[PDB]
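FYI, side chains are in, hydrogens and waters are out, and symmetry mates aren't considered; it's all heavy atoms of this structure. Chain identifiers are assigned alphabetically (A, B, ...) following the order of the sequence lines, protein sequences preceding nucleic acid strands; residue numbering begins at 1 within each chain.
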Amino acid sequence: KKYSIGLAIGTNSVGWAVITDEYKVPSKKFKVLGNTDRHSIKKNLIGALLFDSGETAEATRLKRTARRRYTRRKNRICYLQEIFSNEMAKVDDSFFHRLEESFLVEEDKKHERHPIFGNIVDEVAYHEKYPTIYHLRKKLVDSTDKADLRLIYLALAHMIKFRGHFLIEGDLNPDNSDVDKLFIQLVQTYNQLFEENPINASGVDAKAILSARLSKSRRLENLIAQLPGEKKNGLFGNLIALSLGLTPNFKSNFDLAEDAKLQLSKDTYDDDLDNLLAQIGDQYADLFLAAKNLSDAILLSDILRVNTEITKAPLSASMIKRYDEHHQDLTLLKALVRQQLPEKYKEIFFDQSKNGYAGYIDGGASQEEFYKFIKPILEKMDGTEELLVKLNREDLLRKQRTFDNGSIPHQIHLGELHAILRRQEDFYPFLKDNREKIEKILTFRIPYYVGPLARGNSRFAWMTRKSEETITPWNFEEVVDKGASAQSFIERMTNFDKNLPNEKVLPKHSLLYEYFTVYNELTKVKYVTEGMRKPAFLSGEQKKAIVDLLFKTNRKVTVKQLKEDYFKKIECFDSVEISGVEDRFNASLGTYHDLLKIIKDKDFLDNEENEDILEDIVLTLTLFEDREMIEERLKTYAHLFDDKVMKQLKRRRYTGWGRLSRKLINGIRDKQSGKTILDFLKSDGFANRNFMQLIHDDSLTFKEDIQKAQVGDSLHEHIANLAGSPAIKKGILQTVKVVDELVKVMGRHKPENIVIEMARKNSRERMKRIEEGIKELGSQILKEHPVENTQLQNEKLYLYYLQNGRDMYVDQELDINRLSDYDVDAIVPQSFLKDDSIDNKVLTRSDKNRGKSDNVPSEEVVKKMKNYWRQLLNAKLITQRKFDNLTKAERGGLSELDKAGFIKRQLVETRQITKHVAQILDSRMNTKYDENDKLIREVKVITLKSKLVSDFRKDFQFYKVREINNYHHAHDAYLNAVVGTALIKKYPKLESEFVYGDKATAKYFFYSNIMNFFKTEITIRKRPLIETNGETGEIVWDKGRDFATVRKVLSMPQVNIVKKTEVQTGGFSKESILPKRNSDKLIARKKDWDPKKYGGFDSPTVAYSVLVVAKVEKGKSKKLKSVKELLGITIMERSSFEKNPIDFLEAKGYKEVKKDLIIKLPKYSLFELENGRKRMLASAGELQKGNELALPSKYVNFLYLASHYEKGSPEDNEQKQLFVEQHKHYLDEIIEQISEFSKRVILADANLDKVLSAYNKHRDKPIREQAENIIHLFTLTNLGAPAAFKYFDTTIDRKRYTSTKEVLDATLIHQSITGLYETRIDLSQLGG
RNA sequence: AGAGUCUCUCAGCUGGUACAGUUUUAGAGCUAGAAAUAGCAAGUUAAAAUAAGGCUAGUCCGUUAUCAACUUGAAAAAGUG
DNA sequence: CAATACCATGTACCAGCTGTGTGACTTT
DNA sequence: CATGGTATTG
Ligand SMILES: [K+]
Ligand SMILES: [K+]
Ligand SMILES: [K+]
Ligand SMILES: [K+]
Ligand SMILES: [K+]
Ligand SMILES: [K+]
Ligand SMILES: [K+]
Ligand SMILES: [K+]
Ligand SMILES: [K+]
Ligand SMILES: [K+]
Ligand SMILES: [K+]
Ligand SMILES: [K+]
Ligand SMILES: [K+]
Ligand SMILES: [K+]
Ligand SMILES: [Mg+2]
Ligand SMILES: [Mg+2]
């Protein structure tokens, strides 16, 4: 008995089917377990497992990270309170107690209700003197008087609790960042370099202009407007633009041929500046550094909007400025409305529900919403002009705690913290001794390379301690081994050398590693001149001369440099042909040139004895990112370089790791030669073997040593470690579990073949890619055309912005209002490359202007547009892949071989994850070896792409309509098995391409015509009825009988669709903290916080339901009453219930619980009632639809054709259209089937009647549109959670199943993973 | 079937921080009326919690992955049509 | 109990490692 | 998002 398996692997489904010799699906009688009168059932061997998408670990991680955050912020406060403990006890022995219980209601408070002082008089006086915390912070920073210890704590706690970000390194000078003085010094540094062309900056108010609440470009234009004879694109203008955070281009200033675009935010700027400074000299370093300082001052002026010469608390001062202008503007705003229109006053200042001032302070109105609600109310009135200016600057009626306070660095809070400590350490001796300890609390943060401060109970931790004691902010440098921990942070993630599995991989930028990559490429170069008979390799001398002369003097080596600076200069060749490298060498001694600039000792770099030291310095620069730690590690060589060079060495940091170890490159040696790998790359006679040849050569001992160097996951573990979406990995494991069961079903007989086919908030990302691209481009298109992230979901508008509002084939502007008239065109034609991503797509006025349509854009378009494309590439508005394709016509365009490859890739799957599934299945099936110790491939694992079966369906009218039911998953798998087996049966030579295990015109023709053998006529040409294998003579396909077989299988109504039951996990409930309410739905946020007094959560998530048969007390009498009901065990209750189910249930009220009748009921548990009606458990108190509507095939194909689902010849198109119109009565028949089914299992009288009326209303509608909208109707009958749907313009809301009472007496069905094995439990026989 | 390199792209996993939001309390509302309410005044801030919580008590852990039923079995697992 | 309606924590930055598909050079 | 929780209204 022989058979094959077909699989369809998706992210929510695994379709499966068993086929025989004749492409038939078998049917078996299967045992049925349980207490029903049915002992067995007939099942077709075809079905599909359905499951909810697997989730990533990200959300779990972000929540984990926040938890740690909250724990450590509490610890900071506890540290500070510990310091204050004894001395605060002398002043107020319950202060910290009133703070701790501030949340409680006075009924539960054990102390007085006024937290700071403990009486109403002092408390009210406090708030009158210090309405915001920032008033108190400024007073404590400025005043010279002794202050109450409790107010000192509150100001220091507020700074430590909300301490600001750590994005800036070093200390901040609040007086050294004066915008006027940094602008004056930029002017002075410019006038030094350009004495003949100086700028008159007198009368220019640099402070107001650059610190103004305006866009960077507008402030730039404002300042230049004050300077006559200076343009914003001149050198000075560009420097101001750099200061404002824009991205200017200094190429045109210094007459450069290449482009020096500079932005101060990019990580590349440090190199970007040095690179520019290399061309124009170091005299300009003072100019470009002076501009950097100005930027710092302007950034601070966004935060500090107050003169820093009247207070040492400019931040708190600026918060107080917000409060004062809020108060003044509120007084005036009220007066205006009071007089100009008093009818709206009640709506504005008293209605929390409205987005007025009441809703903005007391309700849920945000600043953005408040501004919207009040913008017309201001425009409508008189005297509102200044307020309207503040509203448009987003600076009206501001609160102090706002979304934009993320700008504040921690150095500013620290400055006020250190000032207060300096003021009060004069009166309190414990503040002078703990001044630094308190300062450390605010400033300390765990280094990212240290991680959780665990003690052997964190699977996430790696930190190692220098001593076993409690870590605090003050002892961290001593208890935590920062060096070892920083090393583990990387070495626990990096790859080992695959060849030498115990050797660590070299840093990517290691000098030795780059010597290797350059010699390995250089060794395969070949050249030929006139006198030479044939091309030749480079000798060891030639390669060394080339490395010394070119690679050690030029960052990148082009072929031109090789020809002129080597072959002409040295070999005296006026002409030479080069091979093995094109345009320029891909490898380069980059680190060599970085170190030559820093240390300026070329002879040190070339001395081989320094190889070790240089290797350790680069390793240290790569391994660590902390500049102190880097400095500490490089101390060993402080004697070798100047302090200036050592400082420059500290600042140079590298990232990335190679793929080979040092031991492999330049350690192990060949036994007879005594030479390392690098030695052979430098010199290997006239064979010039490269890395691949060396480690594979049997005449050397490298290969032997590799195998000796080499040194068991579970199925689940192995799948977890695959590179791919966790979603697809869930289906991969489910697939293997499906195959195991199917083999057990066939009496442990292995199949002949297994054919597998695998399926194929971004608006935040799409917006960020256009902002960066446009600001890098320097364009004002976002100014002229504001856009929201949601709109960028539209393809044409997204392409418009990525192309900066220009046609991509013609150098012209595009109209944003005309996009409907424009064309979206594929760079590589979709006839060749089925790619619809933005990466192969282009917005043009008309696709005609691309050129010819059988190739990549014409040469003329490339000549026209290459430069504009280059800008888009650098602005990252197109990728390198998109630019390369866009420009291929200048590289010959698409070749015939390229076209052959494209067609082949349409048919042969090459994705790595697909190969891994095949390898998993192949290694599970084929386990025995033959006389030659080679694997015996009893089972052939075939992998197909989705296009094969999809074209099969459209070619033989086996159409699919996904919306009808879930059967198409199972049918896809059947067709995969059929097509896959028949394909390799017809052409056994294909096995190399389609089975796992180990002229261009011809292949193009061949692969385009590979599937013709199924057809009876082609294009013209005709074929036999019976198709056979040429060699064996065996029949593979009968075009009369075998299509009928397929048609029978797709028509079968019984298909085993199983929805994987799953225990729900994750969050306990909705996260929203709700206000207090008298409802038992509310759940306490802490053990003692009664939700009736404090609010809390609701909407818990049921992990699984439980069938309880027990008795419950009834009435005031408490008489025991027998019941049977469903209890949802929430995720939070789950551990408590499982530890002791009986105690848990008795706590809930149940008595005499029949412990053995407790049934665990996860989500999607399956119940059958009367007339075949099936329900799935959505929750403990809601149900989902549990039936599939097996619509007959004739209707399915009619719906597909009538609806124009997806082309064919005209004689075919008209034949299909004629069939649609000849079978128009099918429309009513389809409705009848739906209604017959809805009345049998759906049971939504209201919705069914509403739909019938809607269908009888739109009978005069076109047939195509009636069919398209019949497709929507299957939502009413679709398996799963009910949902809303629209028939034409009528909307049908979901009818839900809000009670689970009926399943308590129905038949519960437990299914195996295929659903072929069943246990059925009559629940009516329980509770008697 | 792979391997190294160059320019990239997309994805996965981990760590260190920040700002808001929400919730309860505190921030004496006034006047006139028995009240009902009306007319006003006010508003910007803070503490605390931010999965209940756990023992292993760490400045640690708590939302990913995995899961029909039955039989033996503390459990892990294997077995069952 | 129907039918019906409303609701659902969000944002920002920094430091890493891995594999992926891409199209080029070289190779087993 | 989409689907389960919750309340309101009849
Ligand atoms: K993170
Ligand atoms: K009390
Ligand atoms: K000017
Ligand atoms: K608000
Ligand atoms: K409040
Ligand atoms: K106005
Ligand atoms: K707030
Ligand atoms: K190249
Ligand atoms: K580094
Ligand atoms: K020195
Ligand atoms: K789960
Ligand atoms: K579980
Ligand atoms: K199941
Ligand atoms: K990469
Ligand atoms: Mg906690
Ligand atoms: Mg807050």
Intra-strand stack B:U64 & B:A65, ring centres under 5.5 Å, planes under 30°: yes
Using Watson-Crick geometry (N1-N3 plus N6-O4 or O6-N4) or G-U wobble (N1-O2, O6-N3), each under 3.5 Å, B:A57 is paired with none
Does A:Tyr448 lie flat on the base of B:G15, that is, centres under 5.5 Å apart and planes under 30° off? no
Looking at A:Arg68, I'd like to know whether one of its side-chain N or O atoms comes within less than 4.0 Å of OP1 or OP2 on B:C61. yes
Chain A contact limits on DNA chain D, taken 5' to 3' with a cut-off of 4.0 angstrom to heavy atoms: D:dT3 to D:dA7
Are B:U44 and B:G39 base-paired in the Watson-Crick or G-U wobble sense, both distances less than 3.5 Å? no
Pair assignment for B:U17, Watson-Crick or G-U wobble, requiring both distances under 3.5 Å: C:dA12
Quick check: on RNA chain B, is the nucleotide nearest A:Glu106 upstream (toward 5') of the one nearest A:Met692, or the reverse? Name the residue that is more 5'. A:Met692
So for A:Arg73, does its side chain get under 5.0 Å from major-groove atoms or from minor-groove atoms? major
Pick base, sugar-phosphate or nothing for A:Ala1178, based on heavy-atom distances below 4.0 Å to the nucleic acid. sugar-phosphate
Answer with base, sugar-phosphate or nothing: what part of the nucleic acid does A:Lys29 contact at a heavy-atom distance below 4.0 Å? nothing
Nucleotide paired to B:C6 in any strand shown, Watson-Crick or G-U, under 3.5 Å: C:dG23
Describe the nucleic acid contact of A:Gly406 in one word from base, sugar-phosphate, nothing, applying a heavy-atom distance below 4.0 Å. sugar-phosphate
Pseudorotation half of C:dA12 (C1'-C2'-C3'-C4': positive north, negative south): north
Is a donor-acceptor pair below 3.5 Å formed from side chain A:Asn75 to base B:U59, judging by atom type as modelled? yes
Scan nucleotides 39-45 of chain B nucleotide by nucleotide, 5' to 3', and note B when protein non-hydrogen atoms come under 4.0 Å of the base, S if they reach only the sugar-phosphate, - if neither. -SBBBBS
Please determine, for B:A65, whether a Watson-Crick or G-U wobble partner exists with both distances under 3.5 Å, and give it or none. none
Hey, where does DNA chain D pair up into stems, meaning at least three consecutive Watson-Crick or G-U pairs with distances under 3.5 Å? C:4-8 with D:3-7
Pi stacking test for A:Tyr1094 and B:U24: under 5.5 Å apart, planes under 30°: no
Describe the nucleic acid contact of A:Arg1296 in one word from base, sugar-phosphate, nothing, applying a heavy-atom distance below 4.0 Å. base
Which groove the side chain of A:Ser102 approaches, using a cut-off under 5.0 Å: minor
Pick base, sugar-phosphate or nothing for A:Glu1318, based on heavy-atom distances below 4.0 Å to the nucleic acid. base
Given a cut-off of 3.5 Å on both distances, is B:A28 paired to B:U45 by Watson-Crick or G-U wobble rules? no
Please state yes or no: are the six-membered rings of B:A28 and B:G29 less than 5.5 angstrom apart at their centres, with planes tilted under 30 degrees? no
Going by torsion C1'-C2'-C3'-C4' being positive (north) or negative (south), C:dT22 has its sugar north
Once you measure the plane-to-plane angle for A:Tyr360 and A:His326, does it fall in the parallel (<30°), tilted (30-60°) or perpendicular (>60°) bin? parallel
